[PDB]
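Shown below, as structure tokens, is a lone chain in the form deposited in one PDB entry; questions about how it binds or moves come after it.
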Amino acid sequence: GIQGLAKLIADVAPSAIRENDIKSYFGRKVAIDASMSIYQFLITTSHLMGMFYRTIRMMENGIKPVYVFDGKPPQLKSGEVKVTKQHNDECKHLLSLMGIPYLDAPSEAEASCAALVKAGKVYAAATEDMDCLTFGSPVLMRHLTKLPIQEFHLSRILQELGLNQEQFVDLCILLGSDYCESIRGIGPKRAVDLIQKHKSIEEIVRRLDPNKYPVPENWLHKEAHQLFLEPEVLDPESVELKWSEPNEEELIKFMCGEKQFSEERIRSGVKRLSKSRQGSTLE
């Protein structure tokens, strides 16, 4: 998470956010940040029927989802609802039975998501996690999750604010990332100006007096910067995405044989999923 990036873009780079209806993304592959999507659904097997029904709704609306699951968290995190290892396990299990593709990301899903968008194997990466942009994703989608879908274009953010990726990462770090602390008393809108004018954090600290503006003690901003820039990702060229026919009788055995769901209610969910797979990927 980047503390307050969404509000920043809307204010000083609005030309990057284009608000669209779920219907205009017909026949479109999107990479779905599974951890962030489960976070949404947890608002109890709530995570599983969230993913069951929402994926059907996406598939009926033309969208072809591909979920990407978090792996091992990177060393640096100690600078800053709870998505567990079972939440992930059960969801993966479910998607497997629906014929939806999932991907086990080496580290953080929104980096691997971004990578699919870079390599151009999806249209966009669906997530509210704003640091997916910082991971270099050309297009981010918000609220795919009543509420409009906000499309973010990274080339426009960089174009308006007049910064390359590297500088942009440092802006994000100054806004407040998951990896390190920011410079206290530096507002987000003042952070922009200092990035535009002085380009990088190491420099900004130089033109800042140690008394008035102290940084974190042994501040790992450089390490954060390395992570956002060179993150551990999967190779999308090697990775293959396929949408299979759902295994219905096995899907019952799981949601109803293990997870106390309504059999005929799942039955119809699977039949809509199957029907839309014939609309989306008849092939």
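Numbers follow the displayed sequence, beginning with 1. Take the two forms, find the largest set of C-alpha atoms that superpose within 1.5 Å, and that set is the rigid core.
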| property | result |
| --- | --- |
| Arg156 dropped from a third or more of the other entries of this protein | no |
| Cross-entry absence of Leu76, a third or more of other PDB entries | yes |
| Interresidue gap class [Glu80, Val81; deposited sequence, unmodelled] | 10 or more |
| Average Cα temperature factor in the PDB entry - higher stretch of 177-185, 113-121 | 177-185 |
| Mean temperature factor over C-alpha atoms, higher-scoring stretch between 212-220 and 56-64 | 212-220 |
| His143, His153, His93, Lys146, ranked by C-alpha B-factor: the highest one | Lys146 |
| Selection by C-alpha B-factor (highest) of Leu133, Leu103, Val205, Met98 | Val205 |
| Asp235 by Cα B-factor - lowest, middle or highest third of the modelled chain | highest |
| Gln40 - Cα temperature factor, lowest/middle/highest third of chain | middle |
| Chain-relative CA temperature factor third for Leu171 | lowest |
| CA B-factor ranking of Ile201, expressed as a third of its chain | middle |
| CA B-factor ranking of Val30, expressed as a third of its chain | lowest |
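Keep in mind that the form deposited in another entry is not shown, yet the notes after this line are about it.
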query: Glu258 C-alpha shift between this form and the one not shown of 2 Å or more, rigid core reference; finding: yes
